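# Summary of the model geometry
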Amino acid sequence: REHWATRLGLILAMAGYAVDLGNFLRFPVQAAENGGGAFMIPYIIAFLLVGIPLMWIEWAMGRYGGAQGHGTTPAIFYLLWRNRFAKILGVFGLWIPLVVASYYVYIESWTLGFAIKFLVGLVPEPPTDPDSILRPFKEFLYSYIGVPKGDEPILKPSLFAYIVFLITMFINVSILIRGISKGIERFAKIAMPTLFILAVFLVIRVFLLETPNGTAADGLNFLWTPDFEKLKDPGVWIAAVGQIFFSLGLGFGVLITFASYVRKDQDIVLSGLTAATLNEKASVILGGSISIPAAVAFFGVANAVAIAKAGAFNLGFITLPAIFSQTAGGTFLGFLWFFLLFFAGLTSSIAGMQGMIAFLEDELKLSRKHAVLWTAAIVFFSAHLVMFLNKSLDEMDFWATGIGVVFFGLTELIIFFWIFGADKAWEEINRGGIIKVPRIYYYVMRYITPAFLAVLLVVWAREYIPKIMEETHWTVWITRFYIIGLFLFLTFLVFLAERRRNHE
Ligand SMILES: CN(C)CCCN1c2ccccc2CCc2ccc(Cl)cc21
Ligand code: NA
Ligand code: NA
């Protein structure tokens, strides 16, 4: 089996995964909408009671199975719980990231496209007035995505977008085909620094942004000024518990699969705690000092509310480009911004797509090459649904993430800590650890953590399930029909896996 070459490269791959566009975009938005500085209170809390424990747990389940030559949750869940239902419940941890990758790699391509489009100077140039600057970059984005001009639920992306996508894929395979050490880790050693460099440089430039409407200081102020009145709202406490899940990226089986390339007795307690610290430092410091300040700097603090309600997506592909088109030589900032996001995704997309490669390697005994190419073929195929069918993207994200984090996460907990046994698990977590997990985390892992996930499951099931189930168009069934067909397919490979093992 393959293994990590360096302790650093491990943390950098892990942090490479965890570090998102979400750090630079989703995280700052969630803050401003839910108390600003006050959002840190429920955020830090859920970071200790939920994010930190589960992190160790996925890491633990990973190494526990990874020693036994099994990186995927179909196998691992069978080892923690030797049941027929455990393999099935484990299929999700192979189904969840595959579905997400069916659109993430595509979204990742946009950045590369936009980066190229911004580098060569092929960008809209306005014209004064806010809508008279945003609309050119609002339409620029729609041409790339291929947003429908008719009632039809049919996207028609530009030929260039498609080409960049293939290129983007080709980039992913290029790193993936070189294994864990000479590929992901080797790249994580290059990407993570390159990422930090761009972040700071942007942050610096952003702080030097002065417009008639305001300054960057006004953005940091608005963002970090704590409105505690919103902490009374349960919705803030929920949006917090989820945001951490999203930022750390738990409940996708990726941490598990990654931690399955960790040797049997190498530390996972501190290693994970470090990668987790890197991601969150990146969010609050870097990410929360580029977008929101630059937005507030240009559109005043008056629109700082309206900007936040405009969704993170707009801020990154419409608002921030349109802002850069006005600054001194900002066509290069556009290139720097997008290329920053490109890597942020590229360090993650290679990570998530490894879970499938590992499955074919471990269970179906495929070479790394074949496991890589076939996985690329599956993701490339599915992506056409997201590329061409409208709102297919959102449907995939809704199910794979919305459910996949809340359901599979609480599944990882009960299987490893309640079924496999708390004590046997607690030792499996602390084992090899340079430091030891505090004794109090035993109660958090066993009672407090699943208490939160449980409350989270209930609130989610009431609010989000009746919405997508009726009010939506009929083409959502096509997306549903497809993603269901994937789970049924992975059920068949899991079946083929166990039938190949009884023979030998
Ligand atoms: C930067 N990260 C948060 C790591 C996850 C990125 N990501 C993702 C992003 C948004 C929502 C769900 C998921 C699911 C995990 C997963 C799995 C494979 C890939 Cl190719 C990306 C991917
Ligand atoms: Na993150
Ligand atoms: Na990343």
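Residues numbered from 1 in each chain as written, not as in the entry; some residues may be left out. Chains lettered and ligands numbered in written order. Heavy atoms only, no water. Residues with missing side-chain atoms left out of burial classes, pairs and counts.

By the method listed in its record, X-ray crystallography, this PDB entry was determined to a resolution of 3.3 Å.

### Quick word on the overall build of the protein chain
When helices and strands are counted, the protein chain shows 24 helices and two strands. For the protein chain, the C-alpha radius of gyration of 22 Å lies close to 23 Å, the compact-globule estimate for 504 residues. Seen through its C-alpha atoms, the protein chain measures out along the principal axes to roughly 70 × 50 × 45 Å. (Helix = DSSP H or I, 4+ residues; strand = E, 2+ residues; numbered from the N terminus. Rg over C-alpha atoms; globule rule 2.2 N^0.38 Å.)

### Considerations on the packing of helix α4 (residues 40-66) against helix α11 (residues 234-248)
It is at 8 Å that the axes of α4 and α11 come closest, and there the two elements cross at 45°. Classified by the angle between their axes, α4 and α11 sit oblique to one another. Once α4 is placed against α11, the crossing between them reads as right-handed. Where α4 approaches α11, its residues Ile 41, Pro 42, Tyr 43, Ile 45, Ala 46, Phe 47, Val 50, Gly 51, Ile 52 and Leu 54 are matched on the opposing element by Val 236, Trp 237, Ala 240, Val 241, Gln 243, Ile 244, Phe 245, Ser 247 and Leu 248. Its residues assigned to classes, the contact of α4 with α11 shows 16 nonpolar, three polar and no charged. (Axes fitted to C-alpha atoms, helices over the stretch in contact; angles between N-to-C directions. Parallel < 35°, antiparallel > 145°, perpendicular 65-115°, else oblique. Left-handed = near helix turned anticlockwise from the far one by under 90°. Contact = heavy atoms within 4.5 Å. Nonpolar A, V, L, I, M, F, W, Y, C, P; charged D, E, K, R; others polar.)

### Here we look at the site of ligand 1
For ligand 1, the set of nearby residues contains 13 residues, the closest of which are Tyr 17, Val 100, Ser 348, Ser 349 and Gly 352. The separation between a nitrogen atom of ligand 1 and a polar main-chain atom of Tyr 17 is 3.3 Å. At the level of elements, α6 (84-119) and α17 (330-352) are the ones that each hand at least two residues to the shell around ligand 1. When residues of the shell around ligand 1 are assigned to their parent elements, the largest contribution, four residues, is made by α6. (Near = heavy atom within 4 Å. Polar contact = N/O pair within 3.5 Å; in protein donor to acceptor, adjacent residues only side chain to side chain.)

### Observations concerning the coordination of the sodium ion (ligand 2)
Donor atoms from the polypeptide that bind the sodium ion (ligand 2) are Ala 18 (O), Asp 20 (OD), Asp 20 (OD), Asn 23 (OD1), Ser 247 (O), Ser 247 (OG) and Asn 279 (OD1), placed at 2.2 to 3.0 Å. In this structure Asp 20 comes out as buried when scored by relative accessible area, which is 14%. Classification of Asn 279 by relative accessible area gives buried; the value is 0%. (Donors = N, O, S within 2.8 Å, 3.2 Å for Na, K, Ca; no water. Buried < 20%, exposed > 50% of the residue type's maximum accessible area, 1.4 Å probe, protein only.)

### Quick look at the pattern of salt bridges
Applying the stated rule across the entire model yields 12 salt bridges. Two residues, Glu 498 and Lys 87, come together in a salt bridge whose shortest N-O distance is 2.5 Å. A salt bridge links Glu 395 to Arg 480, with the shortest nitrogen-to-oxygen separation between them at 2.8 Å. Taken as a pair, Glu 395 in helix α20 (residues 392-419) and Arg 480 in helix α24 (residues 476-501) lie far apart in primary sequence, 85 residues in all. Comparing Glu 395 with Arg 480 shows no difference in burial state: the two are buried. Beyond isolated ion pairs, a larger network of salt bridges with shared partners links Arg 63, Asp 265, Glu 428 and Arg 431. (Salt bridge = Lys/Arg side-chain N within 4 Å of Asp/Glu carboxyl O.)

### Quick look at the coordination of the sodium ion (ligand 3)
Coordination of the sodium ion (ligand 3) by the protein is provided by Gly 16 (O), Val 19 (O), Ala 344 (O), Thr 347 (OG1) and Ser 348 (OG), with metal-donor distances spanning 2.0 to 2.4 Å. Like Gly 16, the residue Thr 347 is buried in the burial classification.

### Digging into the side chain of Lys 87
Its place among the elements puts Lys 87 in helix α6. Under the relative-accessibility criterion, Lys 87 is labelled buried at 14%. Beyond its immediate sequence surroundings of up to four residues, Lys 87 is in contact with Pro 74, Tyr 78, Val 494 and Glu 498.

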